[PDB]
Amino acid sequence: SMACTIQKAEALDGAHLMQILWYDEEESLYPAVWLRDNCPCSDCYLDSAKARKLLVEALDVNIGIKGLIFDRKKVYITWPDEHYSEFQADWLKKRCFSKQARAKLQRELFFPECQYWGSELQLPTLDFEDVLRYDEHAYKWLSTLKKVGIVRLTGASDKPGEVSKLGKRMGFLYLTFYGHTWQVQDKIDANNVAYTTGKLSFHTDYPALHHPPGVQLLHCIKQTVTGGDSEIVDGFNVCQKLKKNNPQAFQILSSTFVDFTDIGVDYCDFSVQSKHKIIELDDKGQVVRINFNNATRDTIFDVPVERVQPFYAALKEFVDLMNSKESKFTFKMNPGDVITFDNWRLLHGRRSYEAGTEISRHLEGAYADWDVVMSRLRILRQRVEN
């Protein structure tokens, strides 16, 4: 391509930059120290690992290019200490330091596209066995999970072991104190409100951990007619609405560290404590995670007395917005359904149902880490586009 073909390469600015003029007349700049740091030769770079061997200690941060020649596809550089490097035009083009080039590459790496939703949600749905068997379907599954925050998979069995298959399709599941997988049913001496017939208001799972599960998988084995409907909301959409409608409540919830706790016995004995801001912003002010489960919020609340009541007032505004008919999407799982969802972004809940002498309702759940999921998504995209 004219865009990836070198018309001219030159050392500039005390030889501390290389400038490429592409055949399309666009220009790109590459710092000499970055080129040296990223020399792909066998001394500097371990090809079997696609990893840098060069040490920081080896890198002269004031380095300039000693000499440069080029052809249409490569640049060949000598360094002051006689080290010698070759860089490929396409590799350079991809890594161009312009804002537009860097942003393009970041989109390709991290799939940021996000579709916010409320009660109008058309629940994305795919077949379970299709997703296990076919990369095209597994790609649609994970890409949709990332973009929309939820996908329903239909046609699974009505037996345990289905979420474990999805785990393997991803890579591996995320072990917690509740096990590799866990059974959501009414239990005697329940160690968690989940394991009762009570209503679960909107929550994220596991804010008692400093790194809550990124992705949740929930498979319906048995459903009851007496209640137990599912509800979901898009936390990122709700947070946007809250910031606009009640900036005071938004500021409180995005700045106040709330203590979470979980003590008991399951996979092993545990005594877990964390602190999170309910609305967790990145350094640019964008909401990246919601951390909220009313069951596991501690009785311990580590704020001055005068900030307590305003916190609760803020929290109520947030919960009320989540409950609003424009925000929430309600549905009922049937046996063989699996929902797979972003546990950092969505909040989820369930309606109460009636206890009985045997088990009338049984879900199997598991977690996965977003890095594990994104890894699989990157691989699938390449396989499906190749």
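The first residue of the shown sequence is 1; numbering continues from there. Between two forms, the rigid core is defined as the largest C-alpha subset superposing within 1.5 Å.
Each structure in 8 other deposited structures of this protein is fitted to the shown form on the rigid core, and of 261-269 and 236-244 the C-alphas lie farther away on average for 261-269. After superposition on the rigid core, the larger root-mean-square Cα deviation in 8 other deposited structures of this protein belongs to 178-186, not to the other of 70-78 and 178-186. Higher mean CA temperature factor, per the PDB entry, when comparing 209-217 with 278-286: 278-286. Stretches 289-297 and 86-94 differ in mean C-alpha B factor, with the higher average recorded for 86-94. Among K325, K53, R345, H348, the highest C-alpha B-factor in the deposited entry belongs to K325. Among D262, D158, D259, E231, the highest C-alpha B-factor in the deposited entry belongs to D158.
Per the PDB record, residue ranking by Cα B-factor puts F341 in the lowest third of the chain. For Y353, the recorded CA B-factor ranks within the middle third of the chain. Only modelled residues enter the ranking. Sort the chain's modelled residues by C-alpha temperature factor and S28 lands in the highest third, per the entry. Among all modelled residues in this chain, the alpha-carbon of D47 has a temperature factor (C-alpha) in the highest third. Among all modelled residues in its chain, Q115 ranks in the middle third by Cα B-factor.
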